[PDB]
Every structure is written in C-alpha cells, then in structure tokens.
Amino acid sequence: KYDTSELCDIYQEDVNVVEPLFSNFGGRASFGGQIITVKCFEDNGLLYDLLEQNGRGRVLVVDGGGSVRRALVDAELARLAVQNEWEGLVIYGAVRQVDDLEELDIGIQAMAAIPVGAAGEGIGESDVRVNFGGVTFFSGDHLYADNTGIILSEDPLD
C-alpha cells in the first residue's frame, strides 16, 4: 500500500518526483523502501552480486545508462531478488521475459524490453549517486512507486 499521488499531496516539496519514463513490469503494482544505488551499463555482474544478498525493506536503484539495447534483468535475476526478499527494482535500462516478471512478487519499474541479456563481467559501481529522470539518488534515500509514478525522499514516510 503506497499512493504516490496521496504522498505528493502530503509531503509536497519534501518529495522529488521522477519523470514519467517508466512502467510497471513486476508482480507488485505499488512498492517502496530504502534504496541502494548502482551505476552500470549493459552489464549485470554487480546486480547478481547484490541481489544474492538479503534485501528486506530495500529497493535497488540501477542507473543503466538508459540503454534499451541490452536487458539488465531476466527472470533468473528477478527470481533471485524475490528469494532474498527485495521490495523492488528500478532500472534506468531494459528488462526481459516480461511475461515471467508479472508473476514474481517484486516491484519492477524499467524503460523497455529487449530480448538480449546484458553481459556478466561485473563492470560497475554501487553506493554512488546516480542521476536520471531529473532526480538524484543516493543509497539510504527512500523510494515509493506505483502505476502513477515514482517519488523519492531522503527520509522515510507514513
């Protein structure tokens, strides 16, 4: 239960709203938590590393360069996230096997769908500011998202 439009009405300026660039791909329509950011590009070695870890109460915010040439998340990687209790994923990038994703009990917001997987090298960086859709993200910020859009605050809400 998160209403991003209700939240905007309440906290006003104290939230930042992300551009309307994304769409729901996961099993949850609304979701939120405390983010951990990632910078990468057409690679998801790092994603496999972090999602192998536990994430109750946590969202993974991934700056993927905006690529839609290569998918960063497939069913395997999302099944991974779900068994480790992750609230959801925000991918400034592409995703994959959308039919499988709608079924998994995780929020997924990304930009498009492309059949090609990313590479598995591991070239990237985590816990770093990322920036996209007109908003800055640091690890330990809080993120709230549903079908209407995505909002972000530095403190927790409710």
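Numbering starts at 1 and follows the sequence shown.
Visitor: Do the C-alpha atoms of 61-69 or of 97-105 have the higher average B factor in the entry?
Guide: Averaged over C-alpha atoms, the B-factors run higher in 97-105.
Visitor: Going by the mean C-alpha B-factor recorded in the entry, which is higher: 125-133 or 108-116?
Guide: Taking the mean B-factor of the alpha carbons in each, 125-133 is higher.
Visitor: Per the PDB entry, which option out of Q34, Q53, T37, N44 has the greatest Cα B factor?
Guide: Each of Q34, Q53, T37, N44 was compared by C-alpha B-factor; the highest is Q53.
Visitor: Which third of the chain holds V18 when residues are ordered by C-alpha B factor: lowest, middle or highest?
Guide: CA B-factor rank for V18: middle third.
Visitor: So where's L143 on the chain's Cα temperature factor ranking, which third?
Guide: It belongs to the middle third of the chain when residues are ordered by C-alpha B-factor.
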